[PDB]
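One chain follows as structure tokens, the form deposited in one PDB entry.
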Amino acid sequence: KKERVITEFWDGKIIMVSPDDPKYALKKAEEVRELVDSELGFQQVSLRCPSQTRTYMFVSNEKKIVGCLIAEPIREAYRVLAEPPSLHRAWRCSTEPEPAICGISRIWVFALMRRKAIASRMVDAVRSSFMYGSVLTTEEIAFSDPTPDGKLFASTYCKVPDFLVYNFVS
């Protein structure tokens, strides 16, 4: 099994699965996506062809997939804004879009291994490997429809409250 290693660490390694890898890689990528979608509480997921996506996985020293990041190409995204408080979690965004390259469609870390910089290293791996001969900046990635955990992560990782978001309608 040829394996595409992006980065190696003392506590595991980050690998990437591309749309034109062998079937065994694409099934493992799918199994991992299924677990993530389920973890997020989806019963059914009907979307475009995964042939657009790239799947990054953080593999522990025990050969377990404990982190997963699915990236897809995007063109534009929107700065997130805090929902104004009511007089007596959600988010909004700006109306003007900004240019962006990489949209993080799903990001997940096994719960017992959270707060160990796994997600941060997966995004790092993406920023260095998504586009040939370029390292994306934090202003060139966006996150789809973030969960509360996603917001807290992205605002720290990107070092701003108004990080880029995508994958929404009106």
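Note that the rigid core is defined as the largest set of C-alphas that superpose within 1.5 Å between two forms. One rule holds for the numbers: they count along the sequence shown, beginning at 1. Shifts are known only where both forms have a C-alpha.
Stretch comparison (21 to 29 versus 149 to 157) by mean CA B-factor in the PDB entry places 21 to 29 on top. The stretch with the higher mean CA B factor, choosing between 37 to 45 and 129 to 137, is 37 to 45. Looking at the C-alpha B-factors along this chain, the one for residue 6 belongs to the middle third. When all modelled residues of the chain are sorted by CA temperature factor, residue 52 is found within the highest third.
Residue 71: CA B factor lies in the lowest third for its chain, per the PDB record.
One more form of this protein should be noted, the form deposited in another entry, which is absent from this view; the next part is about it.
Checking 60, 144, 129, 52 for C-alpha shifts of 2 Å or more between the shown form and the other one, after the rigid core is superposed, gives a single hit: 52. In contrast to the form presented, in the other entry the C-alpha positions of residue 28 and residue 50 spread farther apart by 3 Å or more.
The pair residue 32 and residue 49 is at least 3 angstroms farther apart at the CA level in the other entry than in the present model. Fitting the two forms on their rigid core shows CA movement of 2 Å or more between the shown form and the other one over runs of at least three residues at 42 to 52, 86 to 88.
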